[PDB]
Structures are given as C-alpha cells and as structure tokens.
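Presented below is the structure to which this report refers.
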Amino acid sequence: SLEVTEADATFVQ
Amino acid sequence: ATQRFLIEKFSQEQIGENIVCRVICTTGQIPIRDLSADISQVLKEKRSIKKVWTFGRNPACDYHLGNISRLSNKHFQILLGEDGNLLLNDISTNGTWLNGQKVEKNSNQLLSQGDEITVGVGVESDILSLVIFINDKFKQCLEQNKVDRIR
Numbered sequence: 188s189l190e191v192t193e194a195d196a197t198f199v200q
Numbered sequence: 014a015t016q017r018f019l020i021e022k023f024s025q026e027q028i029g030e031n032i033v034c035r036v037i038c039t040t041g042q043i044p045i046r047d048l049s050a051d052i053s054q055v056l057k058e059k060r061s062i063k064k065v066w067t068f069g070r071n072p073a074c075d076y077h078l079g080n081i082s083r084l085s086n087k088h089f090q091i092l093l094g095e096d097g098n099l100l101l102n103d104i105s106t107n108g109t110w111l112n113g114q115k116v117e118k119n120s121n122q123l124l125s126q127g128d129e130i131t132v133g134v135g136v137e138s139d140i141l142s143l144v145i146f147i148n149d150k151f152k153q154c155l156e157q158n159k160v161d162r163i164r
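The listed protein sequences derive, respectively, from chains A and B.
First residue of the first sequence? That's 188 in full-length UniProt numbering, and the numbers climb one at a time after it.
First residue of the second sequence? That's 14 in full-length UniProt numbering, and the numbers climb one at a time after it.
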C-alpha cells in the first residue's frame, strides 16, 4: 500500500 | 465498621499496580505513559501472547504520537509474554529503530533496560525517539510466580 504516511524502499536486491 | 478500609487509606497511592513497562519520550513529543498487564491474565492466557501495545499516530493505537507524516498510524507495537519477559514488535511503514540500529519489522525482540526506540528515519530532522522503562515490581511477581505457603 502507498498513499498516506511517508515511506522508503531500497532498489538493490 | 470499615477496619480494613481504614488501612487501605494508609497507602492511598499504590505504585506499580500491574505495570509492565513505561514509555518516556525523550525527544519531547508524546506524554509519558505506562503499559500494564494483569498477572491473572498472564497466567490464564496461553495463546502465545498475553497483552500487546500498539504505538503510532492512530487514536486507536495504545500510544498516540504528535502526528508525524513519516511515522505510520501504528508505527510500533510492544508485546508481553514469555516465561517472564517482554518483547518489542516494530510495525512501521518505514521501520523501527533501536539505539540507532534498525530492527526487522513485525519481529519480536528482547526488551532492554531503559531501552529506546527511534522512529521516522530518513530525515535527521524527522526522527522520533522513545525510551522504555521497566517496572522492577512486575518482574518480582513473575520471578516468584507461584508462592509456597497455602496448600
């Protein structure tokens, strides 16, 4: 889910 | 004829009624609160969990923050169980931190004395720090658990 509350995520896997 | 009631007034204020752990915000945002759990419930409960607290910007959450965009409704959660110990469960969108070390979300961790959980990591100016206090009184009950006296 992505809409409220700031979030993060790395693009290295 | 309230003989017993008269003595009850003697104490008036009883500290550590059934307090598990206390949360103290050192960053100055949330008011100090005390997490508690009943012993009878702990001994009775057997569903791999007795009582757990949820923290975040949600009014439902056992803990209400100052409404941080970075933090989630229920940023983190604390569980109480085991033979006689406490566990911390992270449940944030961005993650939960322990003394600068990020832990695995929705993962159980062993409690620490005067430990502290950091949240809202990403911006040095958007991080929130919380300190956890442990009630030695509670440990005493769990340590003794069964009292040898009454047959």
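Every residue gets a Cβ at the ideal spot worked out from N, C-alpha and C, and that includes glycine.
1) Counting pairs of beta carbons, one from the segment 92-104 of chain B and one from the segment 146-163 of chain B, are three or more of them closer than 8 Å?
2) In whole angstroms, what separates the C-alpha of residue 165(B) from that of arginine 60(B)?
3) In whole angstroms, what separates the C-alpha of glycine 135(B) from that of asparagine 107(B)?
4) Leaving aside the five residues before and after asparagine 31(B) along the sequence, list all residues of the same chain whose C-beta is less than 8 Å from its C-beta, in chain order.
5) Taking C-alpha atoms, which residue in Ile28(B), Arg17(B), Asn86(B), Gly79(B) lies nearest to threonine 192(A)?
6) Buried or exposed: where does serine 105(B) fall if 16 or more other Cβ atoms within 10 Å of its Cβ makes it buried?
So, from the data block:
1) The answer is yes - the segment 146-163 of chain B touches the segment 92-104 of chain B, with three or more Cβ pairs under 8 Å.
2) With chain B running from 14 to 164 in the structure shown, residue 165(B) is simply not present.
3) 8 Å
4) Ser49, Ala50, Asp51, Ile52, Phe151
5) Closest in C-alpha terms to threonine 192(A), from the list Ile28(B), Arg17(B), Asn86(B), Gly79(B), comes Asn86(B).
6) buried
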